[PDB]
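In structure tokens, one chain follows: the form deposited in one PDB entry.
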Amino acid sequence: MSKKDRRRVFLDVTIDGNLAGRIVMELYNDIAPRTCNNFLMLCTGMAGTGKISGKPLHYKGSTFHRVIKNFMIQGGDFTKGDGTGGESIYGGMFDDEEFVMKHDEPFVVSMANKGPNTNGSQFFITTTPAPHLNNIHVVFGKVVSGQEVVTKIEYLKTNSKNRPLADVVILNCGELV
């Protein structure tokens, strides 16, 4: 409810086994409670296994399978690891919450989707403002530290499917104080 209700979460990322650093994000629980809760639970793994997939609901070990130079990096697919998988802690996908937050600045954390009301576990971190994505993707967080590890990942050499050649893995993830 209050701005003091905002939680912090972390992602320790490795590129081909070499530690790139830590990405810390502040979740706007007071503006997008369901989306932030889903994300926070996926970082800690404290919600169990997927209802439909029967797989662990948590980012540990998953990758950033898509990076777009000058725009964003995408991850969160813990079931298929290529953009076709992932699952929310609510079972399957969940509805879009009110589009309060906007892509009005770089390093905003937003939900990836496959059309209206199709939120799962996939997300993306932008690197420039993107107002055209407003009212399509639910913004629920902001990177507060480690924005340089985000750009490091973003500029990695990719193939024609926009997939990084190197293995970008979430070594550790969880909650911060």
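Don't overthink the numbering: it's just position in the shown sequence, from 1.
Below: the form solved in complex with a partner chain, not depicted.
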Does residue 99 make contact with the partner chain in the deposited bound form, using a 4.5 Å heavy atom cut-off? no
So in the deposited bound form, does any heavy atom of residue 37 sit within 4.5 Å of the partner chain? no
Might residue 66 be said to contact the partner chain in the deposited bound form, defining contact as any heavy atom within 4.5 Å? yes
Is the gap between residue 113 and the partner chain in the deposited bound form 4.5 Å or less for some heavy atom pair? yes
May I ask whether 72, 124 and 137 each come within 4.5 Å of the partner chain in the deposited bound form, counting any non-hydrogen atom? yes
Using heavy atoms only and a 4.5 Å cut-off, determine which of 41, 143, 31, 133 is in contact with the partner chain in the deposited bound form. 133
I need the one stretch from 113 to 121, 147 to 155, 23 to 31, 49 to 57 whose residues put non-hydrogen atoms within 4.5 angstroms of the partner chain in the deposited bound form. 113 to 121
